[PDB]
Amino acid sequence: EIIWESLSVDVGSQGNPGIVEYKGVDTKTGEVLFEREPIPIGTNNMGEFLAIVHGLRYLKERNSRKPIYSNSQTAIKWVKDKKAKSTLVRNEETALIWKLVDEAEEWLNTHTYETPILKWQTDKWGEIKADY
RNA sequence: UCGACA
DNA sequence: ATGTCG
Ligand SMILES: [Mg+2]
Ligand SMILES: [Mg+2]
């Protein structure tokens, strides 16, 4: 019941909070379609959120109707809400990630999409294909 | 008091 | 260990 014709996204970090990056891959082939340059400080859930929104933008720009898989129940909710409810402190070190989050929320508030955002079922299917 | 997703 | 929701 895996929808193979899909984009899978995941976060990787060093620390949490710590250095965050994320990437999007073709679920079928594992081909890397996008990978964000590491952000010096962020949280796991911020990165999982940014990964989904990046995926939406990526598919929208390419007129693709593929769903997105994420394993993050938090990020899936934040996207649905158009609101990333992070409690990461705001300072000069976290300014960059908070700016990307704000801009992601803004994108969600200014664009439509029909992309299904699906939960990757890790316990049944193993690690998401975008895992680091 | 947890349970769960990461 | 921490970030998050049910
Ligand atoms: Mg994940
Ligand atoms: Mg992972």
Side-chain angles (χ1 to χ4, degrees):
Chain A
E1 47 198 77
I2 291 175
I3 307 178
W4 291 102
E5 195 174 306
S6 65
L7 178 71
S8 288
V9 302
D10 201 9
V11 73
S13 83
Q14 174 189 289
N16 180 30
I19 299 176
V20 167
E21 60 190 349
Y22 61 75
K23 78 186 185 262
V25 312
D26 183 312
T27 304
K28 203 194 294 197
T29 70
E31 189 184 3
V32 185
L33 302 172
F34 63 83
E35 185 154 21
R36 170 57 168 81
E37 177 162 7
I39 299 158
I41 306 282
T43 64
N44 63 335
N45 298 143
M46 290 175 145
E48 294 274 17
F49 171 83
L50 291 177
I52 301 175
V53 179
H54 203 279
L56 292 168
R57 297 177 71 161
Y58 176 93
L59 297 176
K60 190 178 183 73
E61 280 308 289
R62 293 164 182 70
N63 288 134
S64 176
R65 285 175 57 83
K66 291 182 179 173
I68 297 171
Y69 277 113
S70 169
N71 63 25
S72 171
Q73 280 167 0
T74 297
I76 293 175
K77 184 180 190 291
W78 290 356
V79 174
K80 182 209 175 179
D81 295 350
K82 311 181 161 54
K83 194 64 154 62
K85 205 168 156 73
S86 186
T87 50
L88 183 66
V89 71
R90 294 176 183 271
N91 55 49
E92 72 295 324
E93 310 200 340
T94 70
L96 177 57
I97 200 158
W98 267 120
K99 177 154 194 282
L100 290 169
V101 168
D102 281 24
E103 294 172 353
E105 290 170 354
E106 199 58 33
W107 188 86
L108 294 170
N109 287 309
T110 45
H111 298 76
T112 59
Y113 65 87
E114 292 82 47
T115 309
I117 302 169
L118 305 172
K119 176 70 173 63
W120 180 261
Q121 293 207 289
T122 302
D123 58 349
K124 298 182 172 157
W125 315 324
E127 304 260 281
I128 198 166
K129 301 334 187 159
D131 183 64
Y132 294 75

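Naming: A, B, ... by sequence-line order, numbering from 1 per chain.
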Among all residues two or more places apart in sequence or in another chain, which pass the side-chain contact (heavy atoms from CB on, under 4.5 Å) test with [X]?
{"X": "A:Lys82", "answer": "A:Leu108, A:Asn109"}
{"X": "A:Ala75", "answer": "A:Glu48, A:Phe49, A:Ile52, A:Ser72"}
{"X": "A:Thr115", "answer": "A:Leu56, A:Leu59, A:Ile68, A:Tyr113"}

**Prompt:** Which pairs pass side chain to side chain donor-acceptor pair (under 3.5 Å) with one or both residues in residues 53-67 of chain A, sequence neighbours excluded?
**Reply:** none
**Message:** Does A:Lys80 have more than 12 heavy atoms from other residues, nucleotides or ligands lying within 6.0 Å of its NZ?
**Reply:** no
**Message:** Please check if the number of heavy atoms outside A:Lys23 that lie under 6.0 Å from its NZ is greater than 12.
**Reply:** yes
**Asked** Going by modelled atom types, is there a donor-acceptor pair between the base of B:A6 and the side chain of A:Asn44 at under 3.5 Å?
**Response** yes
**Message:** What residues from residues 21-30 of chain A pass a heavy-atom cutoff of under 4.0 Å to RNA chain B?
**Reply:** none
**Item:** Residue-level proximity of residues 117-132 of chain A to RNA chain B when a heavy atom falls under 4.0 Å
**Value:** A:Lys119, A:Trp120, A:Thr122
Measure [atom1]/[X] against [atom2]/[N] and give the value in whole Å, please.
{"X": "A:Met46", "N": "C:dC5", "atom1": "CE", "atom2": "P", "result": "12 Å"}
{"X": "A:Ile76", "N": "B:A4", "atom1": "CD1", "atom2": "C1'", "result": "14 Å"}
{"X": "A:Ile41", "N": "C:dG3", "atom1": "CD1", "atom2": "P", "result": "12 Å"}
{"X": "A:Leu50", "N": "C:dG3", "atom1": "CG", "atom2": "P", "result": "17 Å"}
{"X": "A:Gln73", "N": "B:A4", "atom1": "CD", "atom2": "P", "result": "11 Å"}
{"X": "A:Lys85", "N": "C:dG6", "atom1": "NZ", "atom2": "P", "result": "11 Å"}
{"X": "A:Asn71", "N": "B:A6", "atom1": "CG", "atom2": "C1'", "result": "6 Å"}
{"X": "A:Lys77", "N": "B:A6", "atom1": "NZ", "atom2": "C1'", "result": "16 Å"}

**Item:** Residue A:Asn16, side-chain heavy atoms: nucleotide from B:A6, C:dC5, C:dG3 that is nearest
**Value:** C:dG3
**Item:** Candidate nucleotides C:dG3, B:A6, C:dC5, ranked by approach to the side chain of A:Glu48 - the nearest
**Value:** B:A6
**Asked** Which ILVMFWY residues can you reach from A:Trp4 by hopping between side chains whose heavy atoms are under 4.5 Å apart?
**Response** A:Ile2, A:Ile3, A:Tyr69, A:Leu118, A:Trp120, A:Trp125, A:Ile128
**Request:** Go through the structure and list residues passing side-chain hydrogen bond (donor to acceptor under 3.5 Å, both in side chains) with A:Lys77, not counting sequence neighbours.
**Result:** A:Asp81
Let me have the donor-acceptor pairs involving side chains of residues 33-41 of chain A, under 3.5 Å, with sequence neighbours excluded, atom names and distances please.
{"from": "A:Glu35", "atom 1": "OE2", "to": "A:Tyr132", "atom 2": "OH", "distance (Å)": "3.2"}

